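S.K.: Next comes the structure file start_22.pdb, holding PDB, N, CA and C atoms.
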MODEL        1
ATOM      1  N   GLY V   1     162.532  -6.767 155.600
ATOM      2  CA  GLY V   1     163.062  -5.948 156.727
ATOM      3  C   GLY V   1     164.496  -6.299 157.073
ATOM      4  N   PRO V   2     164.923  -6.050 158.324
ATOM      5  CA  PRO V   2     166.290  -6.346 158.770
ATOM      6  C   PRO V   2     166.547  -7.841 158.981
ATOM      7  N   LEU V   3     165.586  -8.676 158.591
ATOM      8  CA  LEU V   3     165.722 -10.123 158.745
ATOM      9  C   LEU V   3     166.553 -10.731 157.615
ATOM     10  N   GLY V   4     166.084 -10.573 156.379
ATOM     11  CA  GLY V   4     166.797 -11.124 155.239
ATOM     12  C   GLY V   4     167.481 -10.063 154.400
ATOM     13  N   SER V   5     167.907  -8.980 155.040
ATOM     14  CA  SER V   5     168.584  -7.896 154.335
ATOM     15  C   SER V   5     170.098  -8.006 154.511
ATOM     16  N   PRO V   6     170.860  -8.005 153.402
ATOM     17  CA  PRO V   6     172.322  -8.109 153.453
ATOM     18  C   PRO V   6     172.966  -6.904 154.135
ATOM     19  N   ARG V   7     172.685  -5.714 153.613
ATOM     20  CA  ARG V   7     173.237  -4.483 154.172
ATOM     21  C   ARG V   7     172.321  -3.917 155.252
ATOM     22  N   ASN V   8     172.879  -3.693 156.438
ATOM     23  CA  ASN V   8     172.112  -3.152 157.553
ATOM     24  C   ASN V   8     172.512  -1.709 157.836
ATOM     25  N   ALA V   9     171.552  -0.915 158.296
ATOM     26  CA  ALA V   9     171.800   0.486 158.603
ATOM     27  C   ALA V   9     172.692   0.630 159.829
ATOM     28  N   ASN V  10     173.553   1.644 159.812
ATOM     29  CA  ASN V  10     174.461   1.893 160.924
ATOM     30  C   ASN V  10     173.738   2.604 162.063
ATOM     31  N   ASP V  11     173.142   3.751 161.754
ATOM     32  CA  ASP V  11     172.416   4.526 162.753
ATOM     33  C   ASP V  11     170.974   4.044 162.869
ATOM     34  N   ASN V  12     170.543   3.778 164.096
ATOM     35  CA  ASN V  12     169.187   3.307 164.345
ATOM     36  C   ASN V  12     168.233   4.480 164.549
ATOM     37  N   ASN V  13     167.775   5.060 163.444
ATOM     38  CA  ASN V  13     166.855   6.192 163.496
ATOM     39  C   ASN V  13     165.408   5.724 163.369
ATOM     40  N   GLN V  14     164.721   5.626 164.503
ATOM     41  CA  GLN V  14     163.328   5.190 164.517
ATOM     42  C   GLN V  14     162.411   6.255 163.919
ATOM     43  N   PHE V  15     162.886   7.498 163.881
ATOM     44  CA  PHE V  15     162.103   8.599 163.329
ATOM     45  C   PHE V  15     162.291   8.697 161.815
ATOM     46  N   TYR V  16     162.238   7.552 161.141
ATOM     47  CA  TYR V  16     162.402   7.506 159.693
ATOM     48  C   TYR V  16     161.090   7.830 158.989
ATOM     49  N   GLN V  17     160.102   6.958 159.158
ATOM     50  CA  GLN V  17     158.797   7.149 158.535
ATOM     51  C   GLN V  17     157.929   8.099 159.359
ATOM     52  N   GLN V  18     158.275   9.384 159.339
ATOM     53  CA  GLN V  18     157.521  10.389 160.083
ATOM     54  C   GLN V  18     156.130  10.568 159.487
ATOM     55  N   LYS V  19     156.023  10.370 158.178
ATOM     56  CA  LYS V  19     154.747  10.512 157.492
ATOM     57  C   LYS V  19     153.760   9.454 157.967
ATOM     58  N   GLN V  20     154.290   8.331 158.430
ATOM     59  CA  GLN V  20     153.461   7.241 158.928
ATOM     60  C   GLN V  20     153.100   7.479 160.389
ATOM     61  N   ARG V  21     154.076   7.959 161.155
ATOM     62  CA  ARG V  21     153.885   8.242 162.574
ATOM     63  C   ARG V  21     152.661   9.124 162.805
ATOM     64  N   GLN V  22     152.658  10.304 162.196
ATOM     65  CA  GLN V  22     151.539  11.227 162.335
ATOM     66  C   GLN V  22     150.311  10.707 161.592
ATOM     67  N   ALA V  23     150.534   9.793 160.651
ATOM     68  CA  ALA V  23     149.438   9.220 159.873
ATOM     69  C   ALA V  23     148.441   8.498 160.769
ATOM     70  N   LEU V  24     148.838   7.333 161.269
ATOM     71  CA  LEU V  24     147.977   6.552 162.139
ATOM     72  C   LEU V  24     147.698   7.316 163.432
ATOM     73  N   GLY V  25     148.660   8.129 163.858
ATOM     74  CA  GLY V  25     148.472   8.906 165.070
ATOM     75  C   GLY V  25     147.296   9.850 164.936
ATOM     76  N   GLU V  26     147.175  10.469 163.764
ATOM     77  CA  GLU V  26     146.073  11.377 163.500
ATOM     78  C   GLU V  26     144.749  10.632 163.626
ATOM     79  N   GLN V  27     144.782   9.324 163.363
ATOM     80  CA  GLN V  27     143.586   8.498 163.467
ATOM     81  C   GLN V  27     143.048   8.545 164.894
ATOM     82  N   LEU V  28     143.962   8.679 165.854
ATOM     83  CA  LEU V  28     143.589   8.763 167.262
ATOM     84  C   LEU V  28     142.681   9.968 167.483
ATOM     85  N   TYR V  29     143.079  11.094 166.901
ATOM     86  CA  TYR V  29     142.328  12.340 167.026
ATOM     87  C   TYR V  29     140.993  12.307 166.275
ATOM     88  N   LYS V  30     141.030  11.966 164.988
ATOM     89  CA  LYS V  30     139.815  11.926 164.174
ATOM     90  C   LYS V  30     138.805  10.917 164.717
ATOM     91  N   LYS V  31     139.300   9.851 165.341
ATOM     92  CA  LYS V  31     138.421   8.830 165.907
ATOM     93  C   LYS V  31     137.539   9.438 166.994
ATOM     94  N   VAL V  32     138.092  10.421 167.700
ATOM     95  CA  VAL V  32     137.362  11.118 168.755
ATOM     96  C   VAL V  32     136.418  12.151 168.154
ATOM     97  N   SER V  33     136.942  12.951 167.230
ATOM     98  CA  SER V  33     136.153  13.983 166.566
ATOM     99  C   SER V  33     135.206  13.385 165.525
ATOM    100  N   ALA V  34     135.161  12.056 165.441
ATOM    101  CA  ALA V  34     134.296  11.386 164.479
ATOM    102  C   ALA V  34     132.836  11.797 164.656
ATOM    103  N   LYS V  35     132.511  12.387 165.805
ATOM    104  CA  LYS V  35     131.143  12.826 166.074
ATOM    105  C   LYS V  35     131.010  14.347 165.946
ATOM    106  N   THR V  36     132.139  15.036 165.788
ATOM    107  CA  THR V  36     132.138  16.490 165.651
ATOM    108  C   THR V  36     133.557  17.014 165.453
ATOM    109  N   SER V  37     133.674  18.187 164.836
ATOM    110  CA  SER V  37     134.981  18.793 164.581
ATOM    111  C   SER V  37     135.393  19.723 165.722
ATOM    112  N   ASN V  38     135.113  19.305 166.952
ATOM    113  CA  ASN V  38     135.476  20.094 168.122
ATOM    114  C   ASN V  38     136.954  19.912 168.450
ATOM    115  N   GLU V  39     137.774  20.865 168.028
ATOM    116  CA  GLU V  39     139.210  20.799 168.275
ATOM    117  C   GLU V  39     139.511  20.744 169.770
ATOM    118  N   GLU V  40     138.619  21.314 170.572
ATOM    119  CA  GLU V  40     138.788  21.320 172.018
ATOM    120  C   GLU V  40     138.294  20.012 172.624
ATOM    121  N   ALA V  41     137.374  19.361 171.926
ATOM    122  CA  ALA V  41     136.810  18.102 172.384
ATOM    123  C   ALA V  41     137.784  16.950 172.189
ATOM    124  N   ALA V  42     137.997  16.582 170.932
ATOM    125  CA  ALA V  42     138.893  15.490 170.599
ATOM    126  C   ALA V  42     140.297  15.781 171.102
ATOM    127  N   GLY V  43     140.645  17.064 171.169
ATOM    128  CA  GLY V  43     141.948  17.444 171.667
ATOM    129  C   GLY V  43     142.098  17.095 173.129
ATOM    130  N   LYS V  44     140.971  17.034 173.835
ATOM    131  CA  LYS V  44     140.983  16.687 175.252
ATOM    132  C   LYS V  44     141.275  15.203 175.429
ATOM    133  N   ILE V  45     140.456  14.377 174.789
ATOM    134  CA  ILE V  45     140.602  12.929 174.861
ATOM    135  C   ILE V  45     141.910  12.479 174.224
ATOM    136  N   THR V  46     142.276  13.117 173.116
ATOM    137  CA  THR V  46     143.510  12.777 172.421
ATOM    138  C   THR V  46     144.690  12.833 173.386
ATOM    139  N   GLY V  47     144.687  13.838 174.258
ATOM    140  CA  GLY V  47     145.753  13.977 175.226
ATOM    141  C   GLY V  47     145.801  12.803 176.182
ATOM    142  N   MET V  48     144.633  12.240 176.479
ATOM    143  CA  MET V  48     144.544  11.097 177.375
ATOM    144  C   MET V  48     145.088   9.853 176.693
ATOM    145  N   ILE V  49     144.594   9.592 175.486
ATOM    146  CA  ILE V  49     145.041   8.447 174.706
ATOM    147  C   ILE V  49     146.433   8.696 174.131
ATOM    148  N   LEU V  50     146.982   9.875 174.419
ATOM    149  CA  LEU V  50     148.310  10.236 173.949
ATOM    150  C   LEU V  50     149.387   9.526 174.771
ATOM    151  N   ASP V  51     148.963   8.625 175.656
ATOM    152  CA  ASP V  51     149.893   7.882 176.486
ATOM    153  C   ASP V  51     150.604   6.808 175.664
ATOM    154  N   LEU V  52     149.989   6.402 174.551
ATOM    155  CA  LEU V  52     150.586   5.390 173.685
ATOM    156  C   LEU V  52     151.513   6.046 172.665
ATOM    157  N   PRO V  53     152.776   5.583 172.570
ATOM    158  CA  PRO V  53     153.744   6.149 171.629
ATOM    159  C   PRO V  53     153.168   6.304 170.222
ATOM    160  N   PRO V  54     153.875   7.028 169.341
ATOM    161  CA  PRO V  54     153.431   7.258 167.962
ATOM    162  C   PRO V  54     152.993   5.975 167.261
ATOM    163  N   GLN V  55     153.905   5.022 167.140
ATOM    164  CA  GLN V  55     153.585   3.755 166.488
ATOM    165  C   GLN V  55     152.762   2.849 167.403
ATOM    166  N   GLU V  56     153.090   2.850 168.693
ATOM    167  CA  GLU V  56     152.387   2.014 169.665
ATOM    168  C   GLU V  56     150.910   2.391 169.762
ATOM    169  N   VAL V  57     150.565   3.583 169.293
ATOM    170  CA  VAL V  57     149.183   4.032 169.337
ATOM    171  C   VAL V  57     148.413   3.531 168.117
ATOM    172  N   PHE V  58     149.134   3.293 167.019
ATOM    173  CA  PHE V  58     148.518   2.823 165.775
ATOM    174  C   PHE V  58     147.544   1.657 166.009
ATOM    175  N   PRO V  59     148.006   0.560 166.643
ATOM    176  CA  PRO V  59     147.169  -0.627 166.895
ATOM    177  C   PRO V  59     145.933  -0.324 167.731
ATOM    178  N   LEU V  60     146.010   0.729 168.526
ATOM    179  CA  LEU V  60     144.898   1.119 169.378
ATOM    180  C   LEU V  60     143.910   1.984 168.607
ATOM    181  N   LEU V  61     144.435   2.997 167.933
ATOM    182  CA  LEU V  61     143.606   3.918 167.167
ATOM    183  C   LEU V  61     142.893   3.229 166.000
ATOM    184  N   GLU V  62     143.237   1.975 165.722
ATOM    185  CA  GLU V  62     142.613   1.256 164.617
ATOM    186  C   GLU V  62     141.600   0.227 165.109
ATOM    187  N   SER V  63     141.588  -0.035 166.413
ATOM    188  CA  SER V  63     140.659  -1.007 166.975
ATOM    189  C   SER V  63     139.570  -0.318 167.790
ATOM    190  N   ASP V  64     138.321  -0.592 167.428
ATOM    191  CA  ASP V  64     137.171  -0.004 168.103
ATOM    192  C   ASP V  64     137.161  -0.354 169.589
ATOM    193  N   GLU V  65     137.340  -1.635 169.897
ATOM    194  CA  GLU V  65     137.349  -2.091 171.285
ATOM    195  C   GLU V  65     138.489  -1.442 172.063
ATOM    196  N   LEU V  66     139.669  -1.426 171.458
ATOM    197  CA  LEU V  66     140.845  -0.838 172.085
ATOM    198  C   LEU V  66     140.634   0.646 172.369
ATOM    199  N   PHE V  67     139.820   1.294 171.541
ATOM    200  CA  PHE V  67     139.539   2.716 171.704
ATOM    201  C   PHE V  67     138.527   2.945 172.818
ATOM    202  N   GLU V  68     137.406   2.233 172.752
ATOM    203  CA  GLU V  68     136.348   2.366 173.751
ATOM    204  C   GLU V  68     136.905   2.408 175.172
ATOM    205  N   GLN V  69     137.773   1.453 175.500
ATOM    206  CA  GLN V  69     138.372   1.382 176.834
ATOM    207  C   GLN V  69     139.161   2.651 177.158
ATOM    208  N   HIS V  70     140.177   2.932 176.349
ATOM    209  CA  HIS V  70     141.014   4.108 176.566
ATOM    210  C   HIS V  70     140.177   5.376 176.434
ATOM    211  N   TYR V  71     139.462   5.497 175.322
ATOM    212  CA  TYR V  71     138.610   6.652 175.087
ATOM    213  C   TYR V  71     137.459   6.696 176.101
ATOM    214  N   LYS V  72     137.256   5.597 176.839
ATOM    215  CA  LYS V  72     136.191   5.541 177.840
ATOM    216  C   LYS V  72     136.405   6.608 178.906
ATOM    217  N   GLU V  73     137.477   6.444 179.681
ATOM    218  CA  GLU V  73     137.806   7.386 180.745
ATOM    219  C   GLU V  73     137.840   8.811 180.207
ATOM    220  N   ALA V  74     138.402   8.966 179.014
ATOM    221  CA  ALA V  74     138.497  10.271 178.382
ATOM    222  C   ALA V  74     137.126  10.766 177.942
ATOM    223  N   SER V  75     136.249   9.836 177.578
ATOM    224  CA  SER V  75     134.906  10.195 177.144
ATOM    225  C   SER V  75     134.182  10.960 178.248
ATOM    226  N   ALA V  76     134.128  10.371 179.441
ATOM    227  CA  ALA V  76     133.470  11.013 180.576
ATOM    228  C   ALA V  76     133.912  12.472 180.687
ATOM    229  N   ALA V  77     135.194  12.709 180.425
ATOM    230  CA  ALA V  77     135.749  14.056 180.466
ATOM    231  C   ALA V  77     135.268  14.866 179.267
ATOM    232  N   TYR V  78     135.014  14.160 178.169
ATOM    233  CA  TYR V  78     134.531  14.776 176.938
ATOM    234  C   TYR V  78     133.368  15.719 177.239
ATOM    235  N   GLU V  79     132.317  15.169 177.831
ATOM    236  CA  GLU V  79     131.126  15.946 178.164
ATOM    237  C   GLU V  79     131.434  17.075 179.143
ATOM    238  N   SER V  80     132.122  16.747 180.232
ATOM    239  CA  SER V  80     132.459  17.732 181.249
ATOM    240  C   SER V  80     133.269  18.888 180.669
ATOM    241  N   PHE V  81     134.294  18.559 179.893
ATOM    242  CA  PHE V  81     135.149  19.574 179.292
ATOM    243  C   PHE V  81     134.417  20.342 178.194
ATOM    244  N   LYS V  82     133.649  19.626 177.378
ATOM    245  CA  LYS V  82     132.908  20.259 176.291
ATOM    246  C   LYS V  82     131.694  21.026 176.810
ATOM    247  N   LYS V  83     131.185  20.625 177.972
ATOM    248  CA  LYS V  83     130.030  21.293 178.564
ATOM    249  C   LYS V  83     130.472  22.449 179.454
ATOM    250  N   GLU V  84     131.346  22.150 180.411
ATOM    251  CA  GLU V  84     131.850  23.160 181.331
ATOM    252  C   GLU V  84     133.090  23.840 180.763
ATOM    253  N   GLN V  85     133.031  24.199 179.485
ATOM    254  CA  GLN V  85     134.150  24.861 178.827
ATOM    255  C   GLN V  85     134.093  26.365 179.060
ATOM    256  N   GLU V  86     133.999  26.756 180.326
ATOM    257  CA  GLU V  86     133.942  28.165 180.692
ATOM    258  C   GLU V  86     135.326  28.809 180.603
ATOM    259  N   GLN V  87     136.331  28.009 180.251
ATOM    260  CA  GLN V  87     137.694  28.499 180.123
ATOM    261  C   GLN V  87     137.957  28.979 178.700
ATOM    262  N   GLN V  88     137.263  28.372 177.743
ATOM    263  CA  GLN V  88     137.422  28.734 176.339
ATOM    264  C   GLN V  88     136.628  29.993 175.992
ATOM    265  N   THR V  89     135.860  30.498 176.953
ATOM    266  CA  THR V  89     135.060  31.698 176.737
ATOM    267  C   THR V  89     135.866  32.948 177.075
ATOM    268  N   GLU V  90     136.556  33.486 176.074
ATOM    269  CA  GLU V  90     137.377  34.676 176.260
ATOM    270  C   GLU V  90     136.513  35.887 176.596
ATOM    271  N   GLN V  91     136.856  36.563 177.688
ATOM    272  CA  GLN V  91     136.112  37.739 178.124
ATOM    273  C   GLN V  91     136.658  39.002 177.470
ATOM    274  N   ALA V  92     135.865  40.067 177.506
ATOM    275  CA  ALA V  92     136.267  41.339 176.919
ATOM    276  C   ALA V  92     136.742  42.311 177.992
TER     277      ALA V  92
ENDMDL
END
Is it possible to express this structure as structure tokens?
M.R.:
Amino acid sequence: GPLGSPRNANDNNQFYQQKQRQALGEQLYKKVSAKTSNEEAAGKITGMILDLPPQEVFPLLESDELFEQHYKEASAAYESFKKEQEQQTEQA
């Protein structure tokens, strides 16, 4: 890394490894939908756990314990939102 590297970058672009950012980040979403492919379900909790930055979320989305806590509060909403989803019911 930038520790033992002779030539250092001029511009500090943190948005370099975008493929990695969405990579582990996607883990946040799939971790929720791990019980179902409910885009409205995991999308609900994902927004809650979306408080952790792209990379800062990686360490969380990879730890079961770290998820349970964060996904905990969001979980309770999981049922309510997935059950009382009277908003996703488009009328004619």
S.K.: Given the file above and the PyMOL selection byres ((chain V and resi 16-31) around 6), which residues are selected, and can you give them as a list in words?
M.R.: residues 13, 14, 15, 32, 33, 34, 35, 42, 46, 54, 55, 58 and 61 of chain V
S.K.: For the residues in the current selection, export N, CA and C atoms as a PDB file, keeping the file's coordinate frame.
M.R.:
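What follows is the written file out08.pdb:
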ATOM      1  N   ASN V  13     167.775   5.060 163.444  1.00  0.00           N
ATOM      2  CA  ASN V  13     166.855   6.192 163.496  1.00  0.00           C
ATOM      3  C   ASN V  13     165.408   5.724 163.369  1.00  0.00           C
ATOM      4  N   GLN V  14     164.721   5.626 164.503  1.00  0.00           N
ATOM      5  CA  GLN V  14     163.328   5.190 164.517  1.00  0.00           C
ATOM      6  C   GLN V  14     162.411   6.255 163.919  1.00  0.00           C
ATOM      7  N   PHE V  15     162.886   7.498 163.881  1.00  0.00           N
ATOM      8  CA  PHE V  15     162.103   8.599 163.329  1.00  0.00           C
ATOM      9  C   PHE V  15     162.291   8.697 161.815  1.00  0.00           C
ATOM     10  N   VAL V  32     138.092  10.421 167.700  1.00  0.00           N
ATOM     11  CA  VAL V  32     137.362  11.118 168.755  1.00  0.00           C
ATOM     12  C   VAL V  32     136.418  12.151 168.154  1.00  0.00           C
ATOM     13  N   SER V  33     136.942  12.951 167.230  1.00  0.00           N
ATOM     14  CA  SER V  33     136.153  13.983 166.566  1.00  0.00           C
ATOM     15  C   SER V  33     135.206  13.385 165.525  1.00  0.00           C
ATOM     16  N   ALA V  34     135.161  12.056 165.441  1.00  0.00           N
ATOM     17  CA  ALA V  34     134.296  11.386 164.479  1.00  0.00           C
ATOM     18  C   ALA V  34     132.836  11.797 164.656  1.00  0.00           C
ATOM     19  N   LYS V  35     132.511  12.387 165.805  1.00  0.00           N
ATOM     20  CA  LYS V  35     131.143  12.826 166.074  1.00  0.00           C
ATOM     21  C   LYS V  35     131.010  14.347 165.946  1.00  0.00           C
ATOM     22  N   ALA V  42     137.997  16.582 170.932  1.00  0.00           N
ATOM     23  CA  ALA V  42     138.893  15.490 170.599  1.00  0.00           C
ATOM     24  C   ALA V  42     140.297  15.781 171.102  1.00  0.00           C
ATOM     25  N   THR V  46     142.276  13.117 173.116  1.00  0.00           N
ATOM     26  CA  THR V  46     143.510  12.777 172.421  1.00  0.00           C
ATOM     27  C   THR V  46     144.690  12.833 173.386  1.00  0.00           C
ATOM     28  N   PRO V  54     153.875   7.028 169.341  1.00  0.00           N
ATOM     29  CA  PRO V  54     153.431   7.258 167.962  1.00  0.00           C
ATOM     30  C   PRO V  54     152.993   5.975 167.261  1.00  0.00           C
ATOM     31  N   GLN V  55     153.905   5.022 167.140  1.00  0.00           N
ATOM     32  CA  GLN V  55     153.585   3.755 166.488  1.00  0.00           C
ATOM     33  C   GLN V  55     152.762   2.849 167.403  1.00  0.00           C
ATOM     34  N   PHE V  58     149.134   3.293 167.019  1.00  0.00           N
ATOM     35  CA  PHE V  58     148.518   2.823 165.775  1.00  0.00           C
ATOM     36  C   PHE V  58     147.544   1.657 166.009  1.00  0.00           C
ATOM     37  N   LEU V  61     144.435   2.997 167.933  1.00  0.00           N
ATOM     38  CA  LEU V  61     143.606   3.918 167.167  1.00  0.00           C
ATOM     39  C   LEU V  61     142.893   3.229 166.000  1.00  0.00           C
TER      40      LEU V  61
END
S.K.: Taking the file as shown, what set of residues would the PyMOL selection byres (((chain V and resi 48-50 and name CA) around 10) and name CA) give back, as a PyMOL selection string?
M.R.: chain V and resi 25+28-29+42-47+51-54+57+60-61+67+69-75+77
S.K.: Could you tell me which of V:90, V:64, V:12, V:82 comes closest to residue 40 of chain V if we count only C-alpha atoms?
M.R.: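 Smallest distance to residue 40 of chain V is found for V:82.
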S.K.: What's the separation between atom C of residue 76 of chain V and atom N of residue 89 of chain V, in Å to one decimal place?
M.R.: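 Going from atom C of residue 76 of chain V over to atom N of residue 89 of chain V, I get 18.5 Å.
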S.K.: For the atom pair atom CA of residue 68 of chain V and atom C of residue 56 of chain V, what is the interatomic distance in Å to one decimal place?
M.R.: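 Here the two named atoms are 15.1 Å from each other.
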S.K.: From the DSSP assignment of the backbone, select every residue of chain V that is helix (DSSP H, G or I), and format the answer as a ChimeraX atom specification.
M.R.: /V:18-35,39-51,54-61,64-83
